[PDB]
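Text of upload-v1.cif, listed as mmCIF, C-alpha atoms and all ligand atoms:
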```
data_upload
loop_
_atom_site.label_atom_id
_atom_site.label_comp_id
_atom_site.auth_asym_id
_atom_site.auth_seq_id
_atom_site.Cartn_x
_atom_site.Cartn_y
_atom_site.Cartn_z
CA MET A 1 54.18 -9.75 160.67
CA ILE A 2 57.96 -10.03 160.51
CA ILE A 3 59.13 -12.72 158.09
CA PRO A 4 62.74 -13.81 158.74
CA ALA A 5 64.46 -15.17 155.63
CA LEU A 6 67.42 -17.40 154.74
CA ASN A 7 69.16 -18.17 151.45
CA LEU A 8 70.40 -21.75 151.08
CA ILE A 9 73.04 -23.25 148.79
CA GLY A 10 73.82 -26.92 149.38
CA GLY A 11 72.86 -26.61 153.03
CA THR A 12 74.78 -23.36 153.43
CA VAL A 13 73.38 -20.03 154.66
CA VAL A 14 74.56 -17.26 152.34
CA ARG A 15 74.37 -13.47 151.98
CA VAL A 16 73.08 -12.46 148.56
CA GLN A 27 78.14 -14.31 148.16
CA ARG A 28 79.07 -14.69 151.82
CA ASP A 29 79.05 -17.81 154.00
CA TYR A 30 77.18 -17.84 157.32
CA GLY A 31 77.72 -21.48 158.24
CA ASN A 32 75.96 -24.75 157.44
CA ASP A 33 73.63 -24.94 160.44
CA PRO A 34 70.38 -23.15 159.47
CA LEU A 35 67.97 -25.01 161.78
CA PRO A 36 69.18 -23.50 165.08
CA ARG A 37 68.84 -20.07 163.45
CA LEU A 38 65.27 -20.77 162.35
CA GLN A 39 64.27 -22.20 165.73
CA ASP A 40 65.59 -19.12 167.51
CA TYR A 41 63.70 -16.93 165.05
CA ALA A 42 60.48 -18.74 165.96
CA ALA A 43 61.39 -18.62 169.65
CA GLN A 44 61.40 -14.81 169.50
CA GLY A 45 57.81 -14.76 168.29
CA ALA A 46 58.07 -15.16 164.52
CA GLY A 47 54.92 -16.60 162.98
CA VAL A 48 56.22 -17.17 159.45
CA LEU A 49 59.61 -18.14 158.01
CA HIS A 50 61.00 -17.70 154.49
CA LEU A 51 63.48 -19.86 152.56
CA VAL A 52 65.10 -19.45 149.15
CA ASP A 53 66.54 -22.61 147.60
CA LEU A 54 69.27 -21.25 145.32
CA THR A 55 70.60 -24.75 144.59
CA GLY A 56 67.21 -25.87 143.29
CA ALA A 57 66.79 -22.57 141.46
CA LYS A 58 69.94 -23.31 139.46
CA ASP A 59 69.22 -27.01 138.94
CA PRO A 60 65.71 -28.47 139.44
CA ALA A 61 67.08 -31.98 140.03
CA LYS A 62 69.12 -30.52 142.88
CA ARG A 63 66.11 -29.24 144.83
CA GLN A 64 67.07 -29.51 148.50
CA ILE A 65 63.89 -31.40 149.44
CA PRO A 66 65.41 -33.50 152.26
CA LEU A 67 66.94 -30.43 153.93
CA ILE A 68 63.74 -28.41 153.55
CA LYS A 69 61.79 -31.36 154.96
CA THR A 70 64.10 -31.33 157.99
CA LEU A 71 63.91 -27.57 158.55
CA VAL A 72 60.11 -27.63 158.31
CA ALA A 73 59.88 -30.49 160.81
CA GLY A 74 62.25 -28.60 163.11
CA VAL A 75 60.00 -25.57 163.63
CA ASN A 76 56.40 -24.94 164.70
CA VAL A 77 55.63 -22.14 162.24
CA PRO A 78 54.56 -22.12 158.56
CA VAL A 79 57.49 -21.88 156.16
CA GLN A 80 57.22 -20.44 152.65
CA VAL A 81 59.82 -21.75 150.21
CA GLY A 82 60.85 -20.52 146.77
CA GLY A 83 63.71 -20.96 144.34
CA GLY A 84 63.26 -21.75 140.67
CA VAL A 85 59.88 -23.43 141.03
CA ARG A 86 59.16 -24.41 137.42
CA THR A 87 56.65 -27.25 137.28
CA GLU A 88 53.43 -28.47 138.89
CA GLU A 89 55.48 -31.37 140.26
CA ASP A 90 57.86 -28.96 142.01
CA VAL A 91 54.96 -27.37 143.88
CA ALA A 92 53.51 -30.76 144.83
CA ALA A 93 56.88 -32.07 146.04
CA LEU A 94 57.49 -29.03 148.24
CA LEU A 95 54.00 -29.12 149.75
CA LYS A 96 54.37 -32.86 150.37
CA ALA A 97 57.64 -32.09 152.16
CA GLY A 98 55.69 -30.01 154.68
CA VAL A 99 56.05 -26.56 153.14
CA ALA A 100 53.17 -24.21 153.97
CA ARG A 101 53.36 -21.96 150.90
CA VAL A 102 55.31 -22.18 147.64
CA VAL A 103 56.90 -18.97 146.37
CA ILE A 104 56.76 -18.56 142.58
CA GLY A 105 58.47 -15.75 140.69
CA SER A 106 59.92 -16.41 137.23
CA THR A 107 57.39 -19.03 136.13
CA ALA A 108 54.46 -16.87 137.27
CA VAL A 109 55.60 -14.23 134.79
CA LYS A 110 56.43 -16.47 131.82
CA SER A 111 53.41 -18.79 132.02
CA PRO A 112 50.44 -17.05 133.73
CA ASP A 113 47.84 -19.47 132.35
CA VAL A 114 49.75 -22.48 133.65
CA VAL A 115 50.27 -20.97 137.11
CA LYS A 116 46.59 -19.98 137.24
CA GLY A 117 45.91 -23.69 136.89
CA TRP A 118 48.10 -24.27 139.93
CA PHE A 119 45.89 -21.92 141.95
CA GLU A 120 42.86 -24.01 140.99
CA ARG A 121 44.48 -27.28 142.08
CA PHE A 122 46.44 -26.28 145.18
CA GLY A 123 44.43 -23.27 146.36
CA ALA A 124 45.50 -19.67 146.92
CA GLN A 125 46.55 -20.40 150.50
CA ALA A 126 49.48 -22.52 149.30
CA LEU A 127 50.92 -20.15 146.69
CA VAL A 128 52.78 -16.84 146.92
CA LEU A 129 53.14 -14.63 143.85
CA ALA A 130 56.66 -13.18 143.92
CA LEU A 131 57.23 -10.02 141.89
CA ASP A 132 60.59 -8.37 141.22
CA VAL A 133 59.69 -4.79 140.36
CA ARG A 134 61.61 -2.01 138.62
CA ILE A 135 60.14 1.47 138.21
CA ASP A 136 61.16 2.31 134.65
CA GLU A 137 61.71 5.59 132.81
CA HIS A 138 57.96 6.00 132.27
CA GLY A 139 57.13 5.47 135.94
CA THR A 140 55.67 2.03 135.24
CA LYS A 141 56.09 -0.67 137.88
CA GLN A 142 57.72 -3.18 135.53
CA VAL A 143 57.99 -6.85 136.50
CA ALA A 144 61.29 -8.64 135.91
CA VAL A 145 62.08 -12.34 136.26
CA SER A 146 65.50 -11.66 137.79
CA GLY A 147 68.02 -8.94 138.63
CA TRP A 148 70.35 -9.61 135.70
CA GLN A 149 67.63 -9.43 133.05
CA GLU A 150 65.58 -6.69 131.38
CA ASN A 151 61.90 -5.95 132.00
CA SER A 152 59.28 -8.36 130.67
CA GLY A 153 56.89 -5.70 129.38
CA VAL A 154 54.31 -6.52 132.04
CA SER A 155 53.46 -4.20 134.94
CA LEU A 156 52.65 -5.16 138.53
CA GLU A 157 49.02 -4.18 138.00
CA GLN A 158 48.65 -6.33 134.88
CA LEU A 159 50.06 -9.46 136.51
CA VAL A 160 48.17 -8.96 139.77
CA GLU A 161 44.82 -8.50 138.03
CA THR A 162 45.59 -11.58 135.93
CA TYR A 163 45.62 -13.79 139.04
CA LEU A 164 42.75 -12.11 140.90
CA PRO A 165 40.09 -14.20 139.10
CA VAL A 166 41.62 -17.38 140.56
CA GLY A 167 41.63 -15.98 144.09
CA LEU A 168 45.13 -14.51 144.46
CA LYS A 169 45.86 -13.63 148.09
CA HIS A 170 49.60 -13.49 148.81
CA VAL A 171 52.03 -11.32 146.84
CA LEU A 172 55.76 -10.88 147.50
CA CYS A 173 56.96 -7.54 146.12
CA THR A 174 60.66 -6.69 145.86
CA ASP A 175 62.07 -3.37 144.63
CA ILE A 176 65.21 -4.08 142.61
CA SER A 177 65.37 -0.68 140.90
CA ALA A 183 68.66 2.92 151.91
CA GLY A 184 65.36 1.42 153.04
CA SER A 185 62.32 -0.12 151.36
CA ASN A 186 60.36 1.88 148.79
CA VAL A 187 57.58 3.18 151.05
CA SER A 188 55.55 4.99 148.37
CA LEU A 189 55.54 1.82 146.26
CA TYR A 190 53.91 -0.30 148.96
CA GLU A 191 51.51 2.46 149.99
CA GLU A 192 50.21 2.57 146.42
CA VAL A 193 49.78 -1.14 145.71
CA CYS A 194 48.30 -2.02 149.12
CA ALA A 195 45.62 0.64 148.72
CA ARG A 196 44.76 -0.37 145.15
CA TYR A 197 44.37 -4.04 146.06
CA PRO A 198 43.08 -4.18 149.66
CA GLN A 199 41.99 -7.82 149.25
CA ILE A 200 45.63 -8.84 148.80
CA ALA A 201 48.14 -9.41 151.60
CA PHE A 202 51.31 -7.80 150.26
CA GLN A 203 54.75 -8.79 151.55
CA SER A 204 57.63 -6.32 151.36
CA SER A 205 61.12 -7.62 150.58
CA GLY A 206 64.59 -6.08 150.43
CA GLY A 207 65.82 -2.73 151.68
CA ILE A 208 65.74 -3.37 155.42
CA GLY A 209 69.05 -2.02 156.72
CA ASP A 210 68.08 -1.10 160.27
CA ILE A 211 65.16 -0.95 162.71
CA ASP A 212 63.91 2.39 161.34
CA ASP A 213 63.21 0.79 157.96
CA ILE A 214 60.66 -1.49 159.63
CA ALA A 215 58.95 1.44 161.35
CA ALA A 216 58.66 3.22 158.00
CA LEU A 217 56.45 0.41 156.69
CA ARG A 218 53.99 0.36 159.60
CA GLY A 219 51.36 2.55 157.95
CA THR A 220 51.85 1.42 154.35
CA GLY A 221 49.35 -1.42 154.62
CA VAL A 222 51.78 -4.28 154.05
CA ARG A 223 50.91 -7.42 156.00
CA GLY A 224 54.37 -8.98 155.97
CA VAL A 225 57.91 -7.64 156.19
CA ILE A 226 60.67 -9.96 154.99
CA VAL A 227 64.01 -9.44 156.74
CA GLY A 228 67.18 -11.33 155.82
CA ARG A 229 70.58 -9.64 156.08
CA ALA A 230 69.76 -7.27 158.92
CA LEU A 231 69.19 -10.29 161.15
CA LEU A 232 72.33 -12.11 159.97
CA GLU A 233 74.51 -9.06 160.57
CA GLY A 234 73.13 -8.31 164.03
CA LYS A 235 71.57 -4.94 163.23
CA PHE A 236 68.60 -6.00 165.35
CA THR A 237 66.79 -9.11 166.59
CA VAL A 238 63.50 -10.66 165.50
CA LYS A 239 62.09 -9.74 168.91
CA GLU A 240 63.00 -6.06 168.49
CA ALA A 241 61.69 -6.15 164.92
CA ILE A 242 58.31 -7.44 166.09
CA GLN A 243 58.28 -4.92 168.95
CA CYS A 244 58.87 -2.08 166.50
CA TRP A 245 56.38 -3.51 164.01
CA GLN A 246 53.60 -3.84 166.58
CA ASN A 247 54.58 -0.44 168.00
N1 LIG B 1 69.46 -15.30 143.29
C1 LIG B 1 68.73 -14.74 144.25
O1 LIG B 1 69.23 -14.05 145.15
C2 LIG B 1 67.28 -14.98 144.20
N2 LIG B 1 66.71 -15.73 143.18
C3 LIG B 1 65.42 -15.72 143.45
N3 LIG B 1 65.11 -15.00 144.57
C4 LIG B 1 63.77 -14.76 145.13
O2 LIG B 1 63.09 -16.00 145.19
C5 LIG B 1 61.68 -15.79 144.94
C6 LIG B 1 61.21 -16.73 143.85
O3 LIG B 1 62.04 -16.58 142.68
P1 LIG B 1 62.06 -17.56 141.41
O4 LIG B 1 63.18 -18.55 141.54
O5 LIG B 1 60.69 -18.23 141.37
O6 LIG B 1 62.20 -16.67 140.18
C7 LIG B 1 61.50 -14.30 144.66
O7 LIG B 1 61.04 -13.62 145.82
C8 LIG B 1 62.90 -13.85 144.26
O8 LIG B 1 63.13 -12.48 144.57
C9 LIG B 1 66.30 -14.52 145.06
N4 LIG B 1 66.33 -13.75 146.23
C10 LIG B 1 67.08 -14.12 147.22
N5 LIG B 1 67.10 -13.37 148.33
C11 LIG B 1 65.93 -12.77 148.87
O9 LIG B 1 65.88 -11.38 148.51
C12 LIG B 1 65.44 -10.60 149.65
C13 LIG B 1 66.56 -9.70 150.10
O10 LIG B 1 66.27 -9.24 151.44
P2 LIG B 1 67.34 -8.70 152.49
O11 LIG B 1 68.43 -9.71 152.69
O12 LIG B 1 66.56 -8.40 153.77
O13 LIG B 1 67.85 -7.38 151.92
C14 LIG B 1 64.98 -11.62 150.69
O14 LIG B 1 63.62 -11.95 150.49
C15 LIG B 1 65.90 -12.81 150.40
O15 LIG B 1 65.35 -14.04 150.86
#
```

As structure tokens, how would this structure be written, given the file I've shared?
Amino acid sequence: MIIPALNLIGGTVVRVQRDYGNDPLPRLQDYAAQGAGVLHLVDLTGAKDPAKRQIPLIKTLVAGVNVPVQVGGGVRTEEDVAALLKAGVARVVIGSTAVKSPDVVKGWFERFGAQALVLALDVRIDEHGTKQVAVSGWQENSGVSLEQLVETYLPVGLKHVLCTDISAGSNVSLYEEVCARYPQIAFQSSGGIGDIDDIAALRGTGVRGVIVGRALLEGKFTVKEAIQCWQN
């Protein structure tokens, strides 16, 4: 599936910065109108300040579409997850916290269920060829590999994993490897999509979701054409 994405800062759509206007709902509705089944939102305001979590806006955007929306952005506490889900969010995307407190997040899986949580992994292939997990782009590796963290959450029923290469299209070999090793996990690719050929390159990798952000905002292609290429 194609997963259109938007980055939000105080109700503003931004390139990750560059402004794209403060009217995200018509964009999302048109995305869904072209056949999109899932949408993706990153709350950068809430990621910076937890008390600034754009819950009312998210609640409006969710109510404005007919498709499940997965939302992430500095999700730190069990209360953050509950608040987002209560706002109508389908799945909560968790990156940093899932790396720093695995035992706590594993408790979240037990309470909320694996259908409501998405494990986001920022991955850098280091000097040794290890798929290192990082909490952000401006910080060093954490000393934990993708395999270690994935197999840590498998006992609590891990299903959805968002994998971003932060070390030009998407890293095809990367996704081919991880999707084959963990066939019981629906992997989502993220970052790298520059044109329509980048989507075609991921068709046989085994990924179940392709997240596209910029390419849509810059008119490289439409969601419709993306889905057409994806379904071949
Ligand atoms: N400062 C940030 O930019 C940031 N901070 C966190 N995230 C993501 O949020 C999620 C949760 O992060 P935490 O706040 O829990 O650590 C993870 O997936 C992170 O990668 C961030 N990523 C934002 N942009 C995303 O990166 C990808 C780029 O795609 P492209 O346009 O097609 O090229 C898309 O998925 C975009 O939505």

Shell around residue 85 of chain A at 9 Å using only C-alpha atoms, local window under 4 positions removed, as a PDB file with C-alpha atoms, in the coordinates of the input:
```pdb
ATOM      1  CA  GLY A  56      67.210 -25.870 143.290  1.00  0.00           C
ATOM      2  CA  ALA A  57      66.790 -22.570 141.460  1.00  0.00           C
ATOM      3  CA  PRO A  60      65.710 -28.470 139.440  1.00  0.00           C
ATOM      4  CA  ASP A  90      57.860 -28.960 142.010  1.00  0.00           C
ATOM      5  CA  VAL A  91      54.960 -27.370 143.880  1.00  0.00           C
ATOM      6  CA  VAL A 102      55.310 -22.180 147.640  1.00  0.00           C
ATOM      7  CA  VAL A 103      56.900 -18.970 146.370  1.00  0.00           C
ATOM      8  CA  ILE A 104      56.760 -18.560 142.580  1.00  0.00           C
ATOM      9  CA  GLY A 105      58.470 -15.750 140.690  1.00  0.00           C
ATOM     10  CA  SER A 106      59.920 -16.410 137.230  1.00  0.00           C
ATOM     11  CA  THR A 107      57.390 -19.030 136.130  1.00  0.00           C
TER      12      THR A 107
END
```

Item to complete: Using only C-alpha atoms and all ligand atoms, find each protein or nucleic acid residue lying at most 6 Å from ligand LIG 1 (chain B); present the set as a PyMOL selection string.
Response: chain A and resi 5-7+16+52+57+82-85+103-106+130+132+145+205-208+226-229

Worksheet item: Any idea what's packed within 12 Å of residue 139 of chain A, counting only C-alpha atoms, ignoring anything in its chain fewer than 3 positions away? Could you give it as number ranges by chain?
Response: A: 133-136, 142, 155-156, 177, 189

Worksheet entry | All residues 12 Å or closer to residue 28 of chain A, all atoms listed in the file, same chain fewer than 2 positions away omitted, as a PyMOL selection string | chain A and resi 7-9+12-16+30-32+229+232-233

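Counting all atoms listed in the file and comparing A:61, A:173, A:77, A:168, the residue that lies closest to residue 115 of chain A is A:168.
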
Worksheet item: Hey, what's within 10 Å of residue 124 of chain A if we count all atoms listed in the file and toss same-chain stuff fewer than 2 positions away? As a ChimeraX atom specification, please?
Response: /A:101,116,118-122,126-129,163,166-170
